[PDB]
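K.L.:
so I've got this experimental structure, pasted below with the sequence.
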Amino acid sequence: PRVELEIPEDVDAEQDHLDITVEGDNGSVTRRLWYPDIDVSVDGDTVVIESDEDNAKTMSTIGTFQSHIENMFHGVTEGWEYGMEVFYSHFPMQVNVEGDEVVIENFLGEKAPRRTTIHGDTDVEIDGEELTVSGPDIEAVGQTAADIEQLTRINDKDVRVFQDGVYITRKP
Amino acid sequence: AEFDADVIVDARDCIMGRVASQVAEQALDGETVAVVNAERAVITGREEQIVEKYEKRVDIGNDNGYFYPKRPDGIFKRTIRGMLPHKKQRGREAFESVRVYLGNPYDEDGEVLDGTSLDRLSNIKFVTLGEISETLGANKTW
Amino acid sequence: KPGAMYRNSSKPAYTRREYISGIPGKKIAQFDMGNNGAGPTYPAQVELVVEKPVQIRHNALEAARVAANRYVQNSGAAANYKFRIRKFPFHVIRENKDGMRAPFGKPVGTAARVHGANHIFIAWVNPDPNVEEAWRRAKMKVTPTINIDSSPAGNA
Amino acid sequence: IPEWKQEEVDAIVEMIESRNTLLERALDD
RNA sequence: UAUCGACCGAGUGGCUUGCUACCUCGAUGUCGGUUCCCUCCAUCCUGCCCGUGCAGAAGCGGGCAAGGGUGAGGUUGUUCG
RNA sequence: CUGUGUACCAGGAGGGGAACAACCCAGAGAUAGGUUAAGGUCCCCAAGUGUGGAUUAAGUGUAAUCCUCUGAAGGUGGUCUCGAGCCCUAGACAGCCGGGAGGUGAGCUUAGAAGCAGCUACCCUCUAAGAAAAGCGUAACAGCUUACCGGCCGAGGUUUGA
Ligand SMILES: [Cl-]
Ligand SMILES: [Cl-]
Ligand SMILES: [K+]
Ligand SMILES: [Mg+2]
Ligand SMILES: [Mg+2]
Ligand SMILES: [Mg+2]
Ligand SMILES: [Mg+2]
Ligand SMILES: [Mg+2]
Ligand SMILES: [Mg+2]
Ligand code: NA
Ligand code: NA
Ligand code: NA
Ligand code: NA
Ligand SMILES: [Sr+2]
Ligand SMILES: [Sr+2]
Ligand SMILES: [Sr+2]
Ligand SMILES: [Sr+2]
Ligand SMILES: [Sr+2]
Ligand SMILES: [Sr+2]
Ligand SMILES: [Sr+2]
Ligand SMILES: [Sr+2]
Ligand SMILES: [Sr+2]
Ligand SMILES: [Sr+2]
Ligand SMILES: [Sr+2]
Ligand SMILES: [Sr+2]
């Protein structure tokens, strides 16, 4: 089986062994698509994913490889963006970006700040009770977003009564 | 140092067992073999299961002792010893005329033995001697 | 006692009551279930087929039978179905309960010998196979692995 | 070859005298 | 199906008990304790988790996990309790 | 434990089976050359890192027999192979967008019940569709839906047996 991805006009793709690099105006991303007997190459202005194998396991990865590459095209052009909101009930939670990590202070009244380091060239812009995570690498972006929500995770008490935390409000 | 080897083998990306089999076969044939780039030789299968086996060998022991190597140096040379009658004169001789190295201390690029190469493009479930060594705690000298 | 002790046909046939005495009664309540007033004139006839020769004690025969029929009350106490457990526990089984001295055992129970492929249960129903589930529970309480087999149904 | 698709096309083509595919189907008449 | 859980059915262990009589009758000293060393996990505590008939506090049940810990005393030779 | 028939150990070497009374080859004068048996041919260790092809990713497995080599009932969209029925370029299956409409809030019941407490019936208009409402949801409404229809898309899909 073989699939051909026509690459967008503002974009450029390049191979280097098992690594692929996609570059658009919104930046660039480099990934690794290493699976047995699956060749990923850049032919002219198209990316080809092919293999002589057609078993369920090989077909699975081909489809995964495709989405990964279409996501890269989208990342370097329209970019990826996740929206978030901070909802607190009693203790005023302070969310801020300090350095390369987001810091949440006074969560549920805690005296110690919780923090998570941002992934890659992902930019986190906070404005009021809203947060917005964006960047070319969806993996890097997706994690950062999730990382922030996970940062206000609570296991000890009943979640139905304690909901203070930063939640993902918009998924691309 | 200085090991006047008749044969210099390149274990880079090669099935450790399969290389060891041929190297022993040759040492017993009188050849002086130098295995190079041990840190880069490989062994196929699930890394987690493979490491459990090598970790178990490290935990085993007692007063009499069961010294088991952790660096690719020894993991490999031990592997080869398991394919030699090292407690015998003839077998100790062969084994002693065999040395394994980290990287390549020689000027020549070692040769690749037939059938011993692993094709990274067709395999994903395999591990590097170097990776085992690091997981086993060895001081990454290479 | 465990099924382990009697599931195998490892002893000669011991069923002659003219020579054996004190045999415990059977725990099997009925052999005919459903509208046994009516005949097997139904569209679908499924059956539970034992996959290994074995001896099934009346103990397990009654648990499997109940397990299935009780559940077949997904159709109703007086529903429209038939159900027959066609085997009867003829083999009298013993237990040596003096060590190995004079160890012939005493009657402790009865079991039914069933050979690989024989059908132990048979149900008759209209396209209303809640019975296939009834046997999943039935095969759940008898020693051997079994296979549910639809005998007359092209009504997929 | 559902008949309802056959009959529908009949009804459509009849009104043309007095699914898009079923309209193009009637149009080819 | 938070939790408890009969019947019946399938197993694992080799800690109890029984069976057997393979080893030992030109001797392998018995129970309990004690002292000192190693280990097993089917985990009692401690670490990290999941569910709840989880507001909280505390329970209850479950998962990973054998690093460490698991003590003092009254009757009884007791083991056990 | 106790019978029976038989070959073996006992009283049976030698080759193999890691070791190993009775499992496999084998019944054996000395000595020698040769060819096989069982069993082996990646190394330890004599002989293949042999050929055509398939499956497996668990180191499953590399364990004939066995006190000795475990693995069961029950389960498995892990993966390979084979078959049957049905749907499909007159556009399936899925996804996304749009439409989901009047009689009517059906009648009964009840203070009230209007798709959705209960009982009963379960009709007809417009139409490309739209239930006397399948599932939530409200005190009841509402609101979210969904059955059903149209669009975009474009190739197999779905059900079942081995
Ligand atoms: Cl040691
Ligand atoms: Cl692989
Ligand atoms: K003695
Ligand atoms: Mg004596
Ligand atoms: Mg455990
Ligand atoms: Mg609590
Ligand atoms: Mg004798
Ligand atoms: Mg050889
Ligand atoms: Mg194994
Ligand atoms: Na050791
Ligand atoms: Na003692
Ligand atoms: Na512990
Ligand atoms: Na005491
Ligand atoms: Sr017997
Ligand atoms: Sr006695
Ligand atoms: Sr069963
Ligand atoms: Sr464990
Ligand atoms: Sr605990
Ligand atoms: Sr007592
Ligand atoms: Sr060779
Ligand atoms: Sr080969
Ligand atoms: Sr082959
Ligand atoms: Sr033994
Ligand atoms: Sr066996
Ligand atoms: Sr099984």
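P.N.:
Received it, and whenever you're ready, just let me know what you need. Numbers count the residues shown, from 1 in each chain, chains lettered A, B, ... in the order given. Ligands and ions are numbered 1, 2, ... in the order given.
K.L.:
which helix or strand contains the residue most central in space within chain C?
P.N.:
Nearest to the mean C-alpha position of chain C, by CA atoms, centre = their mean, lies residue C:61 at 4.0 Å. Residue C:61 is part of helix C:58-71, with elements assigned from DSSP states H and E.
K.L.:
ditto for residue B:55
P.N.:
Short version, using DSSP H and E: residue B:55 is in helix B:47-59.
K.L.:
show residues contacting that helix.
P.N.:
Outside helix B:47-59, the residues within contact range by CB atoms under 8 Å, 6 or more residues apart in numbering or on different chains are B:43, B:66, B:68, B:70, B:75, B:125, B:127, B:131-132, B:135-136. Yep, even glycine has a C-beta here, placed from its N, CA and C like the rest.
K.L.:
hmm, residue C:72 is touching residue C:80, no?
P.N.:
No. Using CB atoms under 8 Å, residue C:72 is not in contact with residue C:80, being 10.9 Å away.
K.L.:
who has more neighbours out of these two?
P.N.:
Using other CB atoms under 10 Å in any protein chain shown, the more surrounded residue of residue C:72 and residue C:80 is residue C:72, with 23 against 14.
K.L.:
show me what contacts the more buried one?
P.N.:
C:33-34, C:79, C:81, C:83, C:123, C:130-131, C:134.
K.L.:
can you check residue A:130 too?
P.N.:
Here residue A:130 is in contact with A:83-86, A:169 (criterion: CB under 8 Å, 6+ apart).
K.L.:
one more time with 6 Å
P.N.:
Neighbouring residues of residue A:130 by CB atoms under 6 Å, 6 or more residues apart in numbering or on different chains: residue A:85.
K.L.:
can you tell me how far it is from residue A:150?
P.N.:
Taking CB to CB, to the nearest Å as the measure, residue A:130 falls 19 Å from residue A:150.
K.L.:
do residue A:50 as well
P.N.:
With distances taken as CB to CB, residue A:50 is found 38 Å from residue A:150.
K.L.:
for the chain, which segments count as helices?
P.N.:
All of this is about chain A. With helices called from DSSP state H, chain A shows them at A:56-77, A:138-151.
K.L.:
try again with chain D
P.N.:
D:3-17, D:20-27.
K.L.:
and the last one, how far out from the chain's middle?
P.N.:
When you say that, I think you mean helix D:20-27. Centre-to-centre, helix D:20-27 and its host chain are 6 Å apart (CA atoms, centre = their mean, to the nearest Å).
K.L.:
what about the residue of chain B positioned farthest from its centre, which SS state?
P.N.:
No residue in chain B sits farther from the centre than residue B:63, which is 26.6 Å out by CA atoms, centre = their mean. Under DSSP: H, G, I helix; E, B strand; the rest coil, the three-state class of residue B:63 is coil.
K.L.:
and the helices in chain C?
P.N.:
Counting by DSSP H, residue ranges of the helices within chain C are C:58-71, C:131-138.
K.L.:
circling back to that earlier point, could you check the angle the helix holding residue C:61 makes with helix C:131-138?
P.N.:
Orientation check (axes from the mean of the first three to the mean of the last three CA atoms, to 10 degrees): helix C:58-71 against helix C:131-138 gives 150 degrees.
K.L.:
ok, and does helix C:58-71 reach over to RNA strand E?
P.N.:
Yes. Against RNA strand E, helix C:58-71 shows contacts by CB under 7 Å from any atom of the strand at C:59-60, C:62-64, C:66-67.
K.L.:
the helices of chain D: which one's closest to ligand 1?
P.N.:
helix D:20-27 (79.8 Å; CB to the ion).
K.L.:
what helices or strands is the closest one leaning on?
P.N.:
The contact analysis (3 or more CB pairs under 6 Å, 6 or more residues apart in numbering or on different chains; DSSP states H and E) places helix D:20-27 against helix D:3-17.
K.L.:
neighbour count winner among residue A:50 and residue A:150?
P.N.:
residue A:50 (15 against 12).
K.L.:
name the nearest residue to that one, sequence neighbours excluded.
P.N.:
Nearest non-adjacent residue to residue A:50, counting by CB to CB, 6 or more residues apart in numbering or on different chains: residue A:2, 3.7 Å away.
K.L.:
wait, that neighbour sits on residue A:52?
P.N.:
No. The pair residue A:2 / residue A:52 is not scored as a contact, 9.6 Å apart, by CB atoms under 6 Å.
K.L.:
ok so, going back, might you calculate how far the helix holding residue B:55 sits from the centre of the chain?
P.N.:
The answer for helix B:47-59 is 16 Å, by CA atoms, centre = their mean.
K.L.:
and that helix, is it in reach of RNA strand F?
P.N.:
Yes. Part of helix B:47-59 sits near RNA strand F under the criterion CB under 7 Å from any atom of the strand, namely B:49-50.
K.L.:
ok, longest strand in chain A?
P.N.:
Ranked by number of residues, the top strand in chain A under DSSP state E is strand A:80-87.
K.L.:
nearest residue to the middle of chain B?
P.N.:
residue B:76 (2.0 Å).
K.L.:
and that residue, that's in a strand?
P.N.:
No. Using three-state DSSP, the secondary structure at residue B:76 is helix, not a strand.
K.L.:
so who does it touch?
P.N.:
Neighbour list for residue B:76: B:38, B:100 [criterion: CB under 6 Å, 6+ apart].
K.L.:
any idea how far it is from ligand 2?
P.N.:
Counting by CB to the ion, to the nearest Å, the separation of residue B:76 from ligand 2 is 22 Å.
K.L.:
beta partners for the residue nearest to residue A:97 when sequence neighbours are not counted?
P.N.:
What sits nearest to residue A:97 in space, not counting adjacent residues and going by CB to CB, 6+ apart, is residue A:124, at 5.1 Å. Per DSSP bridges, the residues bridged to residue A:124 are residue A:133.
K.L.:
what sits against residue A:124?
P.N.:
By CB under 6 Å, 6+ apart, the contact list for residue A:124 reads A:97, A:102, A:118, A:133.
K.L.:
closest one to ligand 10 out of the residues you listed, please.
P.N.:
Nearest to ligand 10, judged by CB to the ion, of the contacts of residue A:124 is residue A:118 at 43.3 Å.
K.L.:
would you mind measuring from that closest one to residue C:124?
P.N.:
Where residue C:124 is concerned, residue A:118 sits at a distance of 69 Å (CB to CB).
K.L.:
returning to what we had before: with neighbour count as new columns, can the contacts of residue A:124 be given to me in a markdown table?
P.N.:
Formatted as a markdown table, the contacts of residue A:124 follow (neighbours: other CB atoms under 10 Å in any protein chain shown):
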| residue | neighbour count |
| --- | --- |
| A:97 | 14 |
| A:102 | 24 |
| A:118 | 21 |
| A:133 | 29 |
